[PDB]
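Data block below; observations after.
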Amino acid sequence: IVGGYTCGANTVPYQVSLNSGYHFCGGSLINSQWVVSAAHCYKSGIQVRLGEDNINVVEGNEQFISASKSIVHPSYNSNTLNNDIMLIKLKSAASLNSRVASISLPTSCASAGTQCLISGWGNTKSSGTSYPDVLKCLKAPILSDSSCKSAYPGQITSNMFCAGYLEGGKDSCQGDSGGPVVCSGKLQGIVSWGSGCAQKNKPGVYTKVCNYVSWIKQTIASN
Ligand SMILES: COC(=O)[C@H](Cc1cccc(C(=N)N)c1)[C@@H](C)NC(=O)c1ccc(-c2cccc(CN)c2)cc1
Ligand SMILES: [Ca+2]
């Protein structure tokens with residue numbers, strides 16, 4: 001997160017860290033055994049880390065659970081990043097409590113202007129690299145589809161939306177990928193891509209989760 005603030009320990013209880021000996025992507029807990037992340041975060045050997053704040057120190061409240069399977073959307077395209085969503089089933093159910101909790105899926109898509117909270121342990125610099133120890137947060141509005149398509153001509157599909165600030169200085173960034181965009185208590189987006197980070201007229205692009213709610217439900221029901 002570039003230009004954000006320290007969230008405060010366990011104030012985002014649905015945030016997940018995906019770990020393979022180091023943090024590489026975020027995710028969102030949507031019930032006690034399933035996590036939603038981005039398809040381009042896929043790799044084998046994923047350990048899901050719940051209840052995290054400082055990812056480098058064991059502070060208490062962490063739960064480390066192996067992924068038993070990761071389901072990349074069958075139509076994900078790595079060249080366009082269309083359908084950039086993945087489900088991860090945990091080997092064991094998480095213990096839900098005040099510090100580890102799930103986030104609700106949307107019942108409808110959010111409008112332009114809706115304020116959202118984005119969080120993660122990604123890069124805090126738009127120029128070099130600086131990774132935080134603790135979770136960073138950012139409030140950002142959903143932009144209109146015409147401004148989004150003007151910023152990225154030919155690259156925005158109907159499964160994507162832009163959120164952020166066209167003046168630059170505040171954005172998500174590498175390492176935040178797969179993590180949550182929560183608007184009004186509902187998971188509306190997944191951190192997916194952007195051109196650089198926090199650059200002027202190049203906002204963040206996010207997977208539009210409301211287009212995938214019946215796919216998520218049908219897939220979890222059969223697995
Ligand atoms: C430093 O810069 C970064 O980290 C970002 C990635 C990234 C990751 C997470 C969030 C954000 C963001 N800005 N919100 C950005 C870097 C590594 N990536 C890019 O430049 C980048 C990523 C995708 C495309 C791209 C997307 C769709 C189609 C095509 C045509 N084939 C290209 C173009 C540039
Ligand atoms: Ca920790």
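Following the order of the structure tokens, first chain is A, next is B, and so on, with residues numbered from 1 inside each chain and ligands from 1 in the order they appear.
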Taking only C-alpha atoms and all ligand atoms into account, which residues are within 10 Å of ligand 1, as an mmCIF file with C-alpha atoms, in the first residue's frame?
data_model
loop_
_atom_site.group_PDB
_atom_site.id
_atom_site.type_symbol
_atom_site.label_atom_id
_atom_site.label_comp_id
_atom_site.auth_asym_id
_atom_site.auth_seq_id
_atom_site.Cartn_x
_atom_site.Cartn_y
_atom_site.Cartn_z
ATOM 1 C CA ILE A 1 0.000 0.000 0.000
ATOM 2 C CA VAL A 2 1.467 3.370 -1.072
ATOM 3 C CA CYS A 25 0.088 -12.330 -1.771
ATOM 4 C CA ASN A 77 -6.082 -15.527 -18.901
ATOM 5 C CA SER A 78 -2.579 -14.574 -17.768
ATOM 6 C CA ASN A 79 -1.990 -12.216 -20.691
ATOM 7 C CA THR A 80 -5.035 -10.035 -20.057
ATOM 8 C CA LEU A 81 -5.514 -10.890 -16.364
ATOM 9 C CA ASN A 82 -9.203 -11.403 -17.079
ATOM 10 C CA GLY A 122 2.788 -4.970 -0.203
ATOM 11 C CA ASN A 123 5.282 -2.316 -1.254
ATOM 12 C CA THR A 124 4.864 1.128 0.300
ATOM 13 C CA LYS A 125 6.959 2.921 -2.355
ATOM 14 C CA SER A 126 6.053 3.944 -5.890
ATOM 15 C CA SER A 127 9.712 4.391 -6.813
ATOM 16 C CA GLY A 128 11.780 1.698 -5.020
ATOM 17 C CA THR A 129 10.873 -1.206 -2.702
ATOM 18 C CA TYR A 152 -6.288 1.959 -19.617
ATOM 19 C CA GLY A 154 -8.391 -1.622 -24.440
ATOM 20 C CA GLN A 155 -7.284 -3.345 -21.189
ATOM 21 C CA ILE A 156 -10.374 -3.171 -18.939
ATOM 22 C CA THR A 157 -12.829 -6.071 -19.232
ATOM 23 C CA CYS A 162 -10.708 0.898 -11.136
ATOM 24 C CA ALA A 163 -10.386 2.345 -7.629
ATOM 25 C CA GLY A 164 -8.015 4.977 -6.303
ATOM 26 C CA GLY A 168 -1.342 9.637 -7.827
ATOM 27 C CA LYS A 170 -2.128 6.594 -2.959
ATOM 28 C CA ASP A 171 -2.583 3.056 -4.348
ATOM 29 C CA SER A 172 -2.155 -0.668 -3.718
ATOM 30 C CA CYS A 173 1.073 -2.193 -5.125
ATOM 31 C CA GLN A 174 2.963 -5.493 -5.622
ATOM 32 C CA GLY A 175 2.553 -7.783 -2.606
ATOM 33 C CA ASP A 176 -0.985 -6.494 -2.010
ATOM 34 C CA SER A 177 -2.254 -8.694 -4.875
ATOM 35 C CA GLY A 178 -5.061 -11.081 -4.008
ATOM 36 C CA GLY A 179 -6.115 -8.970 -1.046
ATOM 37 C CA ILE A 190 -9.548 -8.343 -5.263
ATOM 38 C CA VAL A 191 -6.244 -6.453 -5.765
ATOM 39 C CA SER A 192 -5.150 -7.438 -9.293
ATOM 40 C CA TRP A 193 -2.940 -4.994 -11.241
ATOM 41 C CA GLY A 194 -2.080 -1.482 -12.289
ATOM 42 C CA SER A 195 0.650 0.237 -14.275
ATOM 43 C CA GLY A 196 3.366 0.781 -11.672
ATOM 44 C CA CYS A 197 1.983 2.001 -8.307
ATOM 45 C CA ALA A 198 0.448 5.350 -7.327
ATOM 46 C CA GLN A 199 1.302 6.960 -10.668
ATOM 47 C CA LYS A 202 -2.928 5.133 -13.673
ATOM 48 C CA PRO A 203 -5.275 3.870 -10.875
ATOM 49 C CA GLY A 204 -5.440 0.373 -9.415
ATOM 50 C CA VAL A 205 -7.473 -2.285 -11.256
ATOM 51 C CA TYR A 206 -9.430 -4.829 -9.296
#
Protein and nucleic residues near ligand 2, 10 Å, only C-alpha atoms and all ligand atoms, as a short mmCIF file (atom, residue, chain, number, x, y, z; two decimals) with N, CA and C atoms, in the first residue's frame:
data_model
loop_
_atom_site.label_atom_id
_atom_site.label_comp_id
_atom_site.auth_asym_id
_atom_site.auth_seq_id
_atom_site.Cartn_x
_atom_site.Cartn_y
_atom_site.Cartn_z
N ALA A 9 -3.44 -3.58 14.88
CA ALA A 9 -3.51 -5.02 14.95
C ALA A 9 -4.90 -5.60 15.03
N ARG A 49 -1.87 -17.79 6.39
CA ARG A 49 -1.64 -17.23 7.70
C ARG A 49 -2.70 -16.20 8.05
N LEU A 50 -3.49 -16.59 9.05
CA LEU A 50 -4.61 -15.83 9.58
C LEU A 50 -4.25 -15.12 10.88
N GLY A 51 -4.95 -14.02 11.19
CA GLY A 51 -4.79 -13.31 12.45
C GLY A 51 -3.49 -12.56 12.59
N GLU A 52 -2.86 -12.28 11.45
CA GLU A 52 -1.60 -11.58 11.36
C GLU A 52 -1.64 -10.07 11.47
N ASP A 53 -0.61 -9.52 12.11
CA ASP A 53 -0.36 -8.09 12.00
C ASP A 53 1.09 -7.96 11.60
N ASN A 54 2.06 -8.15 12.51
CA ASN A 54 3.45 -8.13 12.11
C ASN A 54 3.75 -9.48 11.48
N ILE A 55 4.00 -9.58 10.17
CA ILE A 55 4.24 -10.87 9.55
C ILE A 55 5.59 -11.50 9.83
N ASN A 56 6.48 -10.75 10.48
CA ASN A 56 7.79 -11.27 10.81
C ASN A 56 7.97 -11.72 12.26
N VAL A 57 7.01 -11.47 13.15
CA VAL A 57 7.13 -11.82 14.57
C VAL A 57 5.95 -12.67 14.99
N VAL A 58 6.05 -13.77 15.74
CA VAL A 58 4.85 -14.42 16.27
C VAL A 58 4.42 -13.60 17.50
N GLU A 59 3.27 -12.93 17.43
CA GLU A 59 2.77 -12.04 18.46
C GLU A 59 1.62 -12.62 19.26
N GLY A 60 1.04 -13.73 18.79
CA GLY A 60 -0.17 -14.27 19.37
C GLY A 60 -1.31 -13.98 18.40
N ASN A 61 -2.35 -14.82 18.41
CA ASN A 61 -3.54 -14.76 17.55
C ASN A 61 -3.38 -15.29 16.14
N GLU A 62 -2.17 -15.71 15.75
CA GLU A 62 -1.97 -16.32 14.44
C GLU A 62 -2.49 -17.74 14.36
N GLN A 63 -2.97 -18.09 13.18
CA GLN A 63 -3.33 -19.46 12.88
C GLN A 63 -2.68 -19.74 11.54
N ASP A 133 6.31 -4.33 7.99
CA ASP A 133 6.15 -5.49 8.85
C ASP A 133 4.68 -5.63 9.20
N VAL A 134 4.00 -4.51 9.46
CA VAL A 134 2.61 -4.56 9.86
C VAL A 134 1.66 -4.18 8.73
#
With the cut-off set at 8 Å and counting only C-alpha atoms, tabulate each residue of stretch 38-126 of chain A with an atom at most that distance from an atom of stretch 210-218 of chain A, showing the nearest atom pair and its distance in Å to one decimal, ordered by chain and increasing number, as a tab-separated table.
residue	atom	partner	partner_atom	distance
A:87	CA	A:216	CA	7.7
A:105	CA	A:213	CA	7.0
A:106	CA	A:210	CA	5.9
A:107	CA	A:210	CA	7.2
A:108	CA	A:210	CA	6.1
A:109	CA	A:210	CA	5.3
Please extract the residues of stretch 144-217 of chain A with a backbone DSSP assignment of helix (DSSP H, G or I) and present them as a PyMOL selection string. chain A and resi 145-151+209-211+213-217
Neighbour list for stretch 26-29 of chain A as a ChimeraX atom specification, cut-off 6 Å, only C-alpha atoms, skip fewer than 4 positions in-chain: /A:14-18,35-37,102,176-180
Nearest to residue A:10, restricted to only C-alpha atoms and choosing among A:75, A:68, A:119, A:114, comes out as A:119
